[PDB]
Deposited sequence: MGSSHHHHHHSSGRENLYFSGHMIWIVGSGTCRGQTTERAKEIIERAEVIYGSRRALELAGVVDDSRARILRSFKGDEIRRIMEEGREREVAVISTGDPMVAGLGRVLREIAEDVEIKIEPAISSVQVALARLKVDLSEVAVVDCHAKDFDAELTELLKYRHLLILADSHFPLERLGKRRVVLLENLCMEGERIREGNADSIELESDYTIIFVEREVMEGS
């Protein structure tokens, strides 16, 4: 009921928002989120919308407390529990309650393009052991940006899924040592060395 905010996913592609997400959004008094998240959810031009610049603890704490006086909704791109706010949330002394509303992630869109099951991979957010180890039992699905060190991947065949569902969507294939990254919205698929 009260003394709590919602963190809702905006989805990845247009028309991926859920009936529950819209209801939560429709009721909110103030909506926080990055411009992409707001745009995606179709509320970047709403008057209740505040575009977030930062996403650190301090900034989420502010939003958090304001949620005691008013109904707050935070929109995250894609799915909230995929390379989302989880981590910093654990660092916040929880007075107000927080509830998560799932949405479709770039991870799901990529898996759908590849015809690969989630139980066949390990989702990585952008280690040493995360290479040989995980690759021993799983393909890797890495959420990367243009600064991902491909080095750290050898001569392995990789599939780059760029800007899924965006104007410049591209799927490329090649070897980590001879392919260049160019988009900050890049999912890197690495088949398990079986």
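- Gaps between the deposited sequence and the modelled structure occur at positions 1-19, 146-149, 218-221.
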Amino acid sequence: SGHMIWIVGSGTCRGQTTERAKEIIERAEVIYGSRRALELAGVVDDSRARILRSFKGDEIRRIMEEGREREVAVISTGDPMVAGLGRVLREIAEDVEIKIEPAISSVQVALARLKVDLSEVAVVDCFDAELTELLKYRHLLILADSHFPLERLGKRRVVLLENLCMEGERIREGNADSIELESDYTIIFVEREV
From here on, numbers count along this sequence of modelled residues.
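- Higher average CA B factor: 16-24, of the stretches 16-24 and 167-175.
- Once the C-alpha B-factors are averaged per stretch, 62-70 and 35-43 rank with 62-70 first.
- Looking at the C-alpha B-factors along this chain, the one for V159 belongs to the lowest third.
- Placement of the Cα temperature factor of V30 within the chain: middle third of the modelled residues, per the deposited record.
- Compared with the other modelled residues of the chain, the Cα B-factor recorded for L85 ranks in the middle third.
- Among the modelled residues of the chain, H139 sits in the lowest third by CA temperature factor in this PDB entry.
- Annotation for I5: CA B-factor lies in the middle third of the chain's modelled residues.
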